[PDB]
Protein chains: 2
Amino acid sequence: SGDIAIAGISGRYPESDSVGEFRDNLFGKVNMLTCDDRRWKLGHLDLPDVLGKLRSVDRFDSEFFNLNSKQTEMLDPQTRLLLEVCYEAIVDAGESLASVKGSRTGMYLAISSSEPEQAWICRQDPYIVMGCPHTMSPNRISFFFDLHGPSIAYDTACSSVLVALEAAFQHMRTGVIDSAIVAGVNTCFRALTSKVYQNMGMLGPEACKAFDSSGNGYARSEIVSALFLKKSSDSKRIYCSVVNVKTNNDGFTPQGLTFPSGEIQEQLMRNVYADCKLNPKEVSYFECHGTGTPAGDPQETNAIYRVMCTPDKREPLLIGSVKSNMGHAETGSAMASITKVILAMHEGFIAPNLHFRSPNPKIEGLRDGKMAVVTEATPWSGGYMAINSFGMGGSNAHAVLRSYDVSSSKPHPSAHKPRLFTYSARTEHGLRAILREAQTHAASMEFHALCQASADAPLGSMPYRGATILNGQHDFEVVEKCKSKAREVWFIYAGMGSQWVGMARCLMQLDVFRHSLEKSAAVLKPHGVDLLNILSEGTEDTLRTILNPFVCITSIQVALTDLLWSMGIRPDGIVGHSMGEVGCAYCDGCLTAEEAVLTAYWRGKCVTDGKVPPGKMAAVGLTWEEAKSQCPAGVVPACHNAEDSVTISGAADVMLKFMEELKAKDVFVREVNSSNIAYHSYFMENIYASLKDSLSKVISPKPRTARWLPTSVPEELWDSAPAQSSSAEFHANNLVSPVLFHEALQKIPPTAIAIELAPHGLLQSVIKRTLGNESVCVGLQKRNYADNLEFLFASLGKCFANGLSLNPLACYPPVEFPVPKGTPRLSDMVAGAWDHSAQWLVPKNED
Amino acid sequence: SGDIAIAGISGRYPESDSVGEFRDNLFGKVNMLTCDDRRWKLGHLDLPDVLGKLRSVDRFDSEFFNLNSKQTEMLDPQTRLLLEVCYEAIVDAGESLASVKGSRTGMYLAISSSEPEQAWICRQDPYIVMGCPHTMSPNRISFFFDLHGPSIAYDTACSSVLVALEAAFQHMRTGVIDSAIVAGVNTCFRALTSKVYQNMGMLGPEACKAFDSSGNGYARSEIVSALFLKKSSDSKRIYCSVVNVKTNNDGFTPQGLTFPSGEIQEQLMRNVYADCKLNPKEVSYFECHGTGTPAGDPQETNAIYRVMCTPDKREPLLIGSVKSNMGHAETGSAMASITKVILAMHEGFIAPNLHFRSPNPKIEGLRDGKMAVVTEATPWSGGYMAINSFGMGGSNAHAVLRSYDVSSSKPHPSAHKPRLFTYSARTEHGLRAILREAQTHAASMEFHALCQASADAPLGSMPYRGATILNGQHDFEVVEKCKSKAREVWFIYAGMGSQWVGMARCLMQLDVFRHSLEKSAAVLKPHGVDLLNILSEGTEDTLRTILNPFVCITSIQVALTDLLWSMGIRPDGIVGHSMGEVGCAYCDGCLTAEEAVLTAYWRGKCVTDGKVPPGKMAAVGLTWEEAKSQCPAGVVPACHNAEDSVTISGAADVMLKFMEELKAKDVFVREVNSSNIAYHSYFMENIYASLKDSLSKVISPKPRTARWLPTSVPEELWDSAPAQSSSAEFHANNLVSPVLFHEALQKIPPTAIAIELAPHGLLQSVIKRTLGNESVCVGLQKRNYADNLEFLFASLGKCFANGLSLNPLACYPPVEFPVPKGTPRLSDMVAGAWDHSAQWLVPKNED
């Protein structure tokens, strides 16, 4: 049988809304028992003033769980909190709603309180039938998460969690299930329930004084906590392995049904160690049942002494009870014991007991020094821990856990590199807390990998989306409220004028981007072009050639496309400007990377060899029809960029004169660096035949998809045979024909996410103006920006916050699972991120 | 893994106080749903008038379960009834309180109703903590029966019994336990619980119309029922084997949490058959969940159709639902399904559904004839049956059972012989019913063997004891109320005058008695004595010899001692009269059977060879001191029989004259047949030396125990060296010395059970007069009685009724376990035999 791991944990404990706060209370020696009126008035029925209480039981994110207000009002508060805690434990394991859906996951719940049904049955509300019976708690979890394993409620009183763990452990060992949720709950809504326990003489007035001579009963407490169990081979996280679990019953005791039998407890423990072939002496710490009762504490500890404290054991057995810290959460109590054991295995320190001053003189192992109570935070070096949990009806259970001590020998190569962190949450406040927690753990690539693996939630489930940059030089945070409707993603490939000195240097830090450029360089090397030297060591004079801008722009557009694809980003639509249609053809799958780079090369080579007369190009503040009517002979409208922006092209002398005439009319004029070539004009007709013949030896024609809108062909010709195929003829015609860019941009939805793939996002202002205010427009690089890796991540983070799905870690080497010991918890950040704006019905105390 | 059997069953069902009454209601087509005010007033809250109700929920034998009145008043009525039902199921398996005590037996309970706690918590009674929480029901059973296996409460709503059965099955297969109790309970005390189910649209107005087109919801019902599970190798009874059990959950259903998924039900069934490698077509009957719901019935039956109705299956799959007969007992419901399946396997007939008139047209297998609803009692030839049970929260379970079809090929050799049946009960009425049930089953040796194996109860637990003779010629019944204090058992060995013609003929039918006489005959054969011929063909003249009476009486006393020992009867005290001290010496372990028979032989041989002068003996109505003072010279008091009865011994002529002188004084005189020998007188002094020398070659001296009171030695000499040993000297002195029988009888407690071991109980009147009215005095044979086997059994039955422990079957060949198919149930007779004189608190309906 595969090894069985506890892979995730979460919970609510007294004065503790997470495992993290429970940890801080345990190590801080905070008494989690409180004396306040949260459940009933102080002094009611002459009850003990002390009660372990959850901070909130009336808050629940009902919309996330698809529960209407009527169902939520009649749902047991234990089940409301357990739904959240189960999601937190799944996320803490590095799992998601998508990864557990339809799985062979069992649900095993320790539950015994019927107080909600007792309080609400008089309402005659049919929703009580789905909200209050014990079975409906585990079944609601299996329903919401789509779990097909067993879904069972257990009651053995105080041992119920370890009995549920035994059932889950057996089902995993026998192959009935592949994973399990094991959980335990308890709440104290009715003072009458405490009164009958007080009248039985079970309640102490102050605390569970475990192992102390003053032990005089237990203090009642609340809990909602869950574990996610998986096979160690299939786990992303491992806190510990479950070695063995067993249960028995005391049978007949002459002292009465509620008197614990230390002899039957001894027999159970001996059977657990014999069955797994573990020597009991290998257990270095023991989390006792330890209720602080005059009869129970000696019976348990002397049974432990006879089994665990073998004559050859040199070191004392360390013992403790979490009930000294938080009280006794009855049916759920062993969840607190397991949580304390997991915290000790994760932190490397055992949390101390409270209220231990004078050892009970009937505890033999404290008197001879073979046992020691943990009263200070005590270092623990790994191995085995044991847990007892004993029901008041004689139902005993014993568990053995083993630490996971695998440490990473080397930091991950990207641990200290800039990384885009992306996450989603129920609230803006919760998301901003998660982004701060990610900054606190910026050096942990393993934490980031668990967060990324758990982040797969449906767009409607987590309405707030945001991002930050870990290990950046500049603070970056973006948080947006998304609509549940997906946005279209459009890739816009810029043309000439996007080139700049050093345009690739920064993004070459990313292996995907570097390897794409290395492939493009290998293709160009036989043609005498050193692409890598032009991109790394290139000067302004290197980029003044006709050829070099073409190969640089297309090679970067291919490498940017490969980078976006590696992160799972796919376009719904594609638009190119001029030579950008070569990048479009690569993105659409019409050209290979080799064909695309060679298409750019031959375009530049044929224009160079063709000895074209001196030309110029300029962007002018004219409409397309004004440009057609005002252009002098030898100048043409070459690019329709926007409604009020045309690029004109023509003979250098005629262009210079017309540019001065336009400036003299207060018309905006900006020369475009075209290396003295009049592109997209009759000057290129003499190049067409040579370029078409060169490209016919390189391009294998493939059909264009409906995603790519051509800008070299008018809309009325998009279904024409030349426009249906990325051919040598298509790419040669692109050089001669005008760029109908504004026509293509008008087809993009005003809500789209538009990503400009270029060495510099020169079209950003045009794209944003045409698509309007609801659009998201980003470039991936900016000319001479201080860090274009941060600029890329800020741009993609802004896209993610606005509804883009991506894996930002896919640009770095993967993390190996399971993650090493000490990787930070995820449950704590999720527990703080729910929509708790609504207040729900809670059982009121009996008047 | 060993095969897992259901070995015993009991239950309470609507209008059915036993499995037998439930069987009669099922086959009688009785609708167990009733319209009466037992729980709440008819028409209360506009509820359905129909409810399946237990006949009684306020009766419980609290004293048998060691529960005081305060504990019993606050104990859940489900748990009270379940304690009785668990004892009945243990007895039905041929097990006892002694056989389950300290065993690795698990307790697995399906329970969900908290109505008793809800009704009683306002009392603030501490006994609620031990009486009402779900865990305390299984834990109370494990406590009372001293069971050390797991003790767990399960809730998965309607599937909980099969989920509990899966857990028990896994624990038995993995060797966690050796046996299990699997049980299910449900009660309907609060009308508000029915009201919320009605408001959910779950309740039909009339019945569970399973598979019918008019199906419109279910009728609520009650149940308390339990199974005893054991390995088939270790079982005394087998109803069926558990082949496999599995559970899953529906997960997410787009129709909502309470909508059943026929696709996930199909997946569960396929996994059950694949895991045990059974072809689904081998199942000939299917006990469906079958609630009579418009959505549930088609989803279930069409899933069954796809799994079970393979293209190569020629015979239609028979289907049914016990919910059509008794309603839906919710959490306990599958106990009724299992009970109906066990009844079909035991009786060879499937009980019919009710309320089926028009098949639901959405049930595909009823439309094409691949499935058929059982609407009449249908013959079933063994093999496999399947059971579905589906929880309202999507928790599904499926079980496969296999019939036990082992039949006895030959009737047991003692099936039609007279047999003593002995039993104990809580009430006189219950015991007289059990004795009548035993008479109804008089031909079943297997039923008698199960009853005998389960009858081992502590003397204080079952205060009424009784017996009857099965297959006798005469009606015999004895019933007595025993005190919890044990009675001493005294064996009294008679002397001369107990012999009669044919004295062994009747008891030679018992193998133990015959084999003892055959051994004694083999010892005497070298001495020229044909003991068997004297005992079988002997005449009055054969018994007139001096020798033959001695060897006959002692051989019968040895054989009667061997017979009582075989039945487990041991004496606390032993007393002999004259030659009866040879039988005492055998019983006390001082003589072997060979030494005892040879001691009797040499006693008779030495008296024969000694040519003693003619003597007589007579019983006379004198005191011991009157006999000493009135005896003439040559007559002596020989035996002190009673205060007013002495046997005198002397010369024949002097005796005859003195007997006439006593008669002339109105003194009672009766001659004793001594074959003309004056035993226990100075006439025997001449035999002493010859007898002592003969016996010294036969007897190996052993110490007498304190149990044997000597009658040949005065009380003041009991600690003397001759009286401490059964020696040749002791047995030779017995012939000469007077018989101090009255002195020894005065040492017997007046409450003793005195058994006379002789060919004829001649001392019965003396023993009864001396011990007084509180004593029990019996003989084992009577001279010329019509049937001395019935006389023996009536005597032992009278001893048993007065507190003697014995196994009356040990005189016959043993029954081989497991018993064959069709052996009558034991649970039905126990269910009728409780002390239900007290009325206990029951939850009242909400006002």
# chains A, B, ... in the order shown; residues from 1 in each chain; ligands from 1

call {"tool": "closest_atom_pairs", "arguments": {"of": "chain A", "to": "chain B", "cutoff": "8 Å", "atoms": "only C-alpha atoms", "output": "JSON lines"}}
result
{"residue": "A:102", "atom": "CA", "partner": "B:251", "partner_atom": "CA", "distance": 7.3}
{"residue": "A:112", "atom": "CA", "partner": "B:134", "partner_atom": "CA", "distance": 7.5}
{"residue": "A:114", "atom": "CA", "partner": "B:114", "partner_atom": "CA", "distance": 6.9}
{"residue": "A:118", "atom": "CA", "partner": "B:118", "partner_atom": "CA", "distance": 5.9}
{"residue": "A:121", "atom": "CA", "partner": "B:192", "partner_atom": "CA", "distance": 6.7}
{"residue": "A:122", "atom": "CA", "partner": "B:192", "partner_atom": "CA", "distance": 6.9}
{"residue": "A:124", "atom": "CA", "partner": "B:196", "partner_atom": "CA", "distance": 5.3}
{"residue": "A:125", "atom": "CA", "partner": "B:196", "partner_atom": "CA", "distance": 6.1}
{"residue": "A:126", "atom": "CA", "partner": "B:196", "partner_atom": "CA", "distance": 4.9}
{"residue": "A:127", "atom": "CA", "partner": "B:200", "partner_atom": "CA", "distance": 7.7}
{"residue": "A:128", "atom": "CA", "partner": "B:196", "partner_atom": "CA", "distance": 7.3}
{"residue": "A:129", "atom": "CA", "partner": "B:196", "partner_atom": "CA", "distance": 6.7}
{"residue": "A:130", "atom": "CA", "partner": "B:393", "partner_atom": "CA", "distance": 8.0}
{"residue": "A:133", "atom": "CA", "partner": "B:112", "partner_atom": "CA", "distance": 7.6}
{"residue": "A:134", "atom": "CA", "partner": "B:155", "partner_atom": "CA", "distance": 6.6}
{"residue": "A:135", "atom": "CA", "partner": "B:156", "partner_atom": "CA", "distance": 4.9}
{"residue": "A:136", "atom": "CA", "partner": "B:393", "partner_atom": "CA", "distance": 6.0}
{"residue": "A:139", "atom": "CA", "partner": "B:393", "partner_atom": "CA", "distance": 5.3}
{"residue": "A:140", "atom": "CA", "partner": "B:257", "partner_atom": "CA", "distance": 7.3}
{"residue": "A:142", "atom": "CA", "partner": "B:251", "partner_atom": "CA", "distance": 5.1}
{"residue": "A:143", "atom": "CA", "partner": "B:251", "partner_atom": "CA", "distance": 4.3}
{"residue": "A:144", "atom": "CA", "partner": "B:252", "partner_atom": "CA", "distance": 6.1}
{"residue": "A:145", "atom": "CA", "partner": "B:252", "partner_atom": "CA", "distance": 7.2}
{"residue": "A:146", "atom": "CA", "partner": "B:251", "partner_atom": "CA", "distance": 4.2}
{"residue": "A:147", "atom": "CA", "partner": "B:251", "partner_atom": "CA", "distance": 4.8}
{"residue": "A:148", "atom": "CA", "partner": "B:249", "partner_atom": "CA", "distance": 4.7}
{"residue": "A:149", "atom": "CA", "partner": "B:248", "partner_atom": "CA", "distance": 4.8}
{"residue": "A:150", "atom": "CA", "partner": "B:248", "partner_atom": "CA", "distance": 4.3}
{"residue": "A:151", "atom": "CA", "partner": "B:249", "partner_atom": "CA", "distance": 6.1}
{"residue": "A:152", "atom": "CA", "partner": "B:156", "partner_atom": "CA", "distance": 5.6}
{"residue": "A:153", "atom": "CA", "partner": "B:155", "partner_atom": "CA", "distance": 5.1}
{"residue": "A:154", "atom": "CA", "partner": "B:154", "partner_atom": "CA", "distance": 5.2}
{"residue": "A:155", "atom": "CA", "partner": "B:153", "partner_atom": "CA", "distance": 5.1}
{"residue": "A:156", "atom": "CA", "partner": "B:135", "partner_atom": "CA", "distance": 4.9}
{"residue": "A:157", "atom": "CA", "partner": "B:135", "partner_atom": "CA", "distance": 6.1}
{"residue": "A:167", "atom": "CA", "partner": "B:167", "partner_atom": "CA", "distance": 7.8}
{"residue": "A:192", "atom": "CA", "partner": "B:124", "partner_atom": "CA", "distance": 6.7}
{"residue": "A:193", "atom": "CA", "partner": "B:121", "partner_atom": "CA", "distance": 7.4}
{"residue": "A:195", "atom": "CA", "partner": "B:124", "partner_atom": "CA", "distance": 6.5}
{"residue": "A:196", "atom": "CA", "partner": "B:126", "partner_atom": "CA", "distance": 4.9}
{"residue": "A:197", "atom": "CA", "partner": "B:126", "partner_atom": "CA", "distance": 6.7}
{"residue": "A:199", "atom": "CA", "partner": "B:126", "partner_atom": "CA", "distance": 5.3}
{"residue": "A:200", "atom": "CA", "partner": "B:126", "partner_atom": "CA", "distance": 5.0}
{"residue": "A:247", "atom": "CA", "partner": "B:150", "partner_atom": "CA", "distance": 5.6}
{"residue": "A:248", "atom": "CA", "partner": "B:150", "partner_atom": "CA", "distance": 4.3}
{"residue": "A:249", "atom": "CA", "partner": "B:148", "partner_atom": "CA", "distance": 4.7}
{"residue": "A:250", "atom": "CA", "partner": "B:148", "partner_atom": "CA", "distance": 5.9}
{"residue": "A:251", "atom": "CA", "partner": "B:146", "partner_atom": "CA", "distance": 4.2}
{"residue": "A:252", "atom": "CA", "partner": "B:143", "partner_atom": "CA", "distance": 4.3}
{"residue": "A:253", "atom": "CA", "partner": "B:143", "partner_atom": "CA", "distance": 7.2}
{"residue": "A:257", "atom": "CA", "partner": "B:143", "partner_atom": "CA", "distance": 6.5}
{"residue": "A:264", "atom": "CA", "partner": "B:148", "partner_atom": "CA", "distance": 8.0}
{"residue": "A:393", "atom": "CA", "partner": "B:139", "partner_atom": "CA", "distance": 5.3}
{"residue": "A:394", "atom": "CA", "partner": "B:139", "partner_atom": "CA", "distance": 6.7}
{"residue": "A:395", "atom": "CA", "partner": "B:151", "partner_atom": "CA", "distance": 6.1}

call {"tool": "residues_around", "arguments": {"residues": "residue 688 (chain B)", "least_positions_apart": "2", "cutoff": "8 Å", "atoms": "only C-alpha atoms", "output": "VMD selection string"}}
result
chain B and resid 684 to 686 690 to 692 732 to 733 735 to 736

call {"tool": "residues_around", "arguments": {"residues": "residue 479 (chain A)", "least_positions_apart": "4", "cutoff": "12 Å", "atoms": "only C-alpha atoms", "output": "mmCIF file with C-alpha atoms, in the first residue's frame"}}
result
data_model
loop_
_atom_site.group_PDB
_atom_site.id
_atom_site.type_symbol
_atom_site.label_atom_id
_atom_site.label_comp_id
_atom_site.auth_asym_id
_atom_site.auth_seq_id
_atom_site.Cartn_x
_atom_site.Cartn_y
_atom_site.Cartn_z
ATOM 1 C CA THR A 422 -1.382 36.200 -9.403
ATOM 2 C CA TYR A 423 -4.342 35.257 -7.177
ATOM 3 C CA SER A 424 -8.132 35.534 -6.851
ATOM 4 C CA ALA A 425 -10.310 36.083 -3.750
ATOM 5 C CA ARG A 426 -13.868 36.720 -2.504
ATOM 6 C CA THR A 427 -13.094 40.274 -1.227
ATOM 7 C CA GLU A 428 -10.770 43.165 -2.100
ATOM 8 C CA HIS A 429 -9.454 43.260 1.499
ATOM 9 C CA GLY A 430 -8.764 39.477 1.493
ATOM 10 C CA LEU A 431 -6.944 39.705 -1.869
ATOM 11 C CA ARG A 432 -4.737 42.608 -0.665
ATOM 12 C CA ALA A 433 -3.857 40.502 2.420
ATOM 13 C CA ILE A 434 -2.951 37.460 0.209
ATOM 14 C CA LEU A 435 -0.725 39.699 -2.017
ATOM 15 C CA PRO A 463 -14.741 37.922 -8.272
ATOM 16 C CA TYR A 464 -11.637 39.849 -7.109
ATOM 17 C CA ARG A 465 -8.422 39.244 -9.093
ATOM 18 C CA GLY A 466 -5.018 40.780 -8.534
ATOM 19 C CA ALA A 467 -1.274 40.572 -8.909
ATOM 20 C CA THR A 468 2.043 41.690 -7.390
ATOM 21 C CA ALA A 794 3.139 44.438 -14.568
ATOM 22 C CA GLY A 797 -0.602 41.228 -13.926
ATOM 23 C CA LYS A 798 -2.915 44.027 -15.163
ATOM 24 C CA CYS A 799 -4.346 41.590 -17.756
ATOM 25 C CA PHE A 800 -4.851 38.880 -15.026
ATOM 26 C CA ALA A 801 -6.605 41.356 -12.693
ATOM 27 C CA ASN A 802 -8.976 42.133 -15.613
ATOM 28 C CA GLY A 803 -9.848 38.420 -16.295
#

call {"tool": "closest_residue", "arguments": {"among": "B:709, B:470, B:240, B:646", "to": "residue 573 (chain B)", "atoms": "only C-alpha atoms"}}
result
B:709

call {"tool": "residues_around", "arguments": {"residues": "region 447-462 of chain A", "least_positions_apart": "2", "cutoff": "9 Å", "atoms": "only C-alpha atoms", "output": "ChimeraX atom specification"}}
result
/A:63-65,90-99,236-237,421-427,438,441-445,464-465,482-486,803,807-809,814-815,819,823-826

call {"tool": "residues_around", "arguments": {"residues": "residue 761 (chain A)", "least_positions_apart": "6", "cutoff": "9 Å", "atoms": "only C-alpha atoms", "output": "compact mmCIF listing (two decimals) with C-alpha atoms, in the first residue's frame"}}
result
# COMPACT_ATOMS: atom_id res chain seq x y z
CA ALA A 494 3.41 46.05 -34.38
CA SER A 498 9.25 49.36 -32.66
CA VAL A 778 -0.84 46.62 -22.62
CA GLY A 779 2.60 46.46 -24.22
CA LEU A 780 5.12 43.76 -23.24
CA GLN A 781 8.20 45.99 -23.52
CA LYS A 782 8.95 49.74 -23.44
CA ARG A 783 11.95 51.39 -25.16

call {"tool": "select_by_dssp", "arguments": {"residues": "region 66-232 of chain B", "states": "strand (DSSP E or B)", "output": "PyMOL selection string"}}
result
chain B and resi 105-110+151-156+158+179-186+203+212+218+220-221+223-231

call {"tool": "write_last_selection", "arguments": {"atoms": "N, CA and C atoms", "output": "compact mmCIF listing (two decimals), in the first residue's frame"}}
result
# COMPACT_ATOMS: atom_id res chain seq x y z
N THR B 105 -15.48 -8.64 19.71
CA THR B 105 -16.73 -8.34 19.01
C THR B 105 -16.88 -6.84 18.86
N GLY B 106 -17.04 -6.37 17.63
CA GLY B 106 -17.35 -4.97 17.34
C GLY B 106 -18.85 -4.68 17.40
N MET B 107 -19.21 -3.45 17.74
CA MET B 107 -20.59 -2.97 17.73
C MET B 107 -20.73 -1.81 16.74
N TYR B 108 -21.56 -1.98 15.72
CA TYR B 108 -21.74 -1.04 14.62
C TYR B 108 -23.22 -0.67 14.51
N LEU B 109 -23.58 0.53 14.93
CA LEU B 109 -24.97 0.96 15.04
C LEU B 109 -25.31 2.09 14.07
N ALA B 110 -26.34 1.90 13.27
CA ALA B 110 -27.00 2.96 12.54
C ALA B 110 -28.05 3.64 13.43
N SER B 151 -16.76 0.29 18.82
CA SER B 151 -18.15 0.55 19.23
C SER B 151 -18.56 1.94 18.74
N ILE B 152 -19.27 1.99 17.61
CA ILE B 152 -19.39 3.19 16.77
C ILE B 152 -20.85 3.43 16.37
N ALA B 153 -21.30 4.68 16.47
CA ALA B 153 -22.54 5.14 15.88
C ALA B 153 -22.28 5.76 14.48
N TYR B 154 -23.09 5.37 13.50
CA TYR B 154 -23.01 5.82 12.11
C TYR B 154 -24.28 6.57 11.72
N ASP B 155 -24.13 7.66 10.97
CA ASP B 155 -25.24 8.34 10.30
C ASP B 155 -24.87 8.69 8.85
N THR B 156 -25.55 8.04 7.93
CA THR B 156 -25.61 8.36 6.49
C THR B 156 -27.08 8.38 6.02
N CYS B 158 -30.61 7.03 5.34
CA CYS B 158 -31.26 5.76 4.99
C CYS B 158 -30.28 4.61 4.68
N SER B 179 -15.90 -11.26 15.58
CA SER B 179 -17.35 -11.20 15.45
C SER B 179 -17.84 -9.75 15.51
N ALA B 180 -19.09 -9.52 15.12
CA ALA B 180 -19.68 -8.18 15.14
C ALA B 180 -21.18 -8.24 15.42
N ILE B 181 -21.69 -7.22 16.10
CA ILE B 181 -23.10 -6.86 16.08
C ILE B 181 -23.26 -5.68 15.11
N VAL B 182 -24.10 -5.84 14.10
CA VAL B 182 -24.53 -4.76 13.21
C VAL B 182 -26.01 -4.52 13.45
N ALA B 183 -26.38 -3.29 13.76
CA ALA B 183 -27.74 -2.94 14.13
C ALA B 183 -28.21 -1.63 13.51
N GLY B 184 -29.52 -1.44 13.46
CA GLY B 184 -30.15 -0.21 13.03
C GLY B 184 -31.42 0.07 13.81
N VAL B 185 -31.63 1.33 14.15
CA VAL B 185 -32.77 1.79 14.93
C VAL B 185 -33.40 3.03 14.31
N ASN B 186 -34.70 3.19 14.50
CA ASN B 186 -35.42 4.42 14.19
C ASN B 186 -36.73 4.46 14.98
N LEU B 203 -43.05 12.77 2.05
CA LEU B 203 -44.03 11.83 2.60
C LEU B 203 -45.20 11.62 1.64
N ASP B 212 -44.63 1.28 -8.39
CA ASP B 212 -45.95 1.61 -8.91
C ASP B 212 -45.97 3.01 -9.52
N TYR B 218 -42.85 8.44 0.56
CA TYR B 218 -42.76 7.32 1.50
C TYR B 218 -43.60 7.53 2.76
N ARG B 220 -43.28 7.09 6.84
CA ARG B 220 -42.33 6.91 7.95
C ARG B 220 -42.65 5.65 8.74
N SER B 221 -41.61 5.04 9.31
CA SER B 221 -41.75 3.80 10.08
C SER B 221 -40.66 3.68 11.16
N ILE B 223 -38.14 0.95 13.63
CA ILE B 223 -37.46 -0.35 13.69
C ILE B 223 -36.42 -0.35 14.82
N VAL B 224 -36.23 -1.53 15.43
CA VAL B 224 -35.04 -1.85 16.23
C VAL B 224 -34.65 -3.28 15.87
N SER B 225 -33.52 -3.47 15.20
CA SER B 225 -33.10 -4.81 14.76
C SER B 225 -31.58 -4.94 14.75
N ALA B 226 -31.07 -6.16 14.99
CA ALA B 226 -29.66 -6.45 15.07
C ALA B 226 -29.31 -7.80 14.42
N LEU B 227 -28.09 -7.88 13.90
CA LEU B 227 -27.45 -9.07 13.38
C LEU B 227 -26.25 -9.43 14.25
N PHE B 228 -26.01 -10.73 14.45
CA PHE B 228 -24.75 -11.23 14.97
C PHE B 228 -23.94 -11.85 13.84
N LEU B 229 -22.76 -11.29 13.56
CA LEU B 229 -21.85 -11.76 12.52
C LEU B 229 -20.69 -12.53 13.15
N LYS B 230 -20.30 -13.64 12.52
CA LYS B 230 -19.14 -14.44 12.91
C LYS B 230 -18.48 -15.03 11.67
N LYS B 231 -17.24 -15.51 11.78
CA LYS B 231 -16.64 -16.29 10.69
C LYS B 231 -17.41 -17.59 10.53

call {"tool": "select_by_dssp", "arguments": {"residues": "region 588-806 of chain A", "states": "alpha helix (DSSP H)", "output": "PyMOL selection string"}}
result
chain A and resi 593-609+624-630+652-663+685-695+728-736+741-745+764-771+788-801

call {"tool": "residues_around", "arguments": {"residues": "residue 31 (chain A)", "least_positions_apart": "4", "cutoff": "8 Å", "atoms": "only C-alpha atoms", "output": "ChimeraX atom specification"}}
result
/A:25,325-326,354

call {"tool": "write_last_selection", "arguments": {"atoms": "N, CA and C atoms", "output": "PDB file, in the first residue's frame"}}
result
ATOM      1  N   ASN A  25      -1.145  31.373  19.517  1.00  0.00           N
ATOM      2  CA  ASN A  25      -1.721  31.188  20.846  1.00  0.00           C
ATOM      3  C   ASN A  25      -1.046  30.044  21.631  1.00  0.00           C
ATOM      4  N   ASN A 325      -4.414  24.045  26.833  1.00  0.00           N
ATOM      5  CA  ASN A 325      -4.326  25.329  26.141  1.00  0.00           C
ATOM      6  C   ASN A 325      -5.708  25.866  25.740  1.00  0.00           C
ATOM      7  N   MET A 326      -6.580  25.000  25.210  1.00  0.00           N
ATOM      8  CA  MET A 326      -7.852  25.414  24.595  1.00  0.00           C
ATOM      9  C   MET A 326      -9.118  24.788  25.202  1.00  0.00           C
ATOM     10  N   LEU A 354      -0.225  24.350  29.434  1.00  0.00           N
ATOM     11  CA  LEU A 354      -0.554  25.301  30.486  1.00  0.00           C
ATOM     12  C   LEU A 354      -1.002  24.566  31.762  1.00  0.00           C
TER      13      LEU A 354
END

call {"tool": "atom_distance", "arguments": {"atom1": "CA of residue 564 (chain B)", "atom2": "CA of residue 777 (chain B)"}}
result
15.5 Å

call {"tool": "residues_around", "arguments": {"residues": "residue 527 (chain B)", "least_positions_apart": "4", "cutoff": "10 Å", "atoms": "only C-alpha atoms", "output": "PyMOL selection string"}}
result
chain B and resi 522-523+598+601
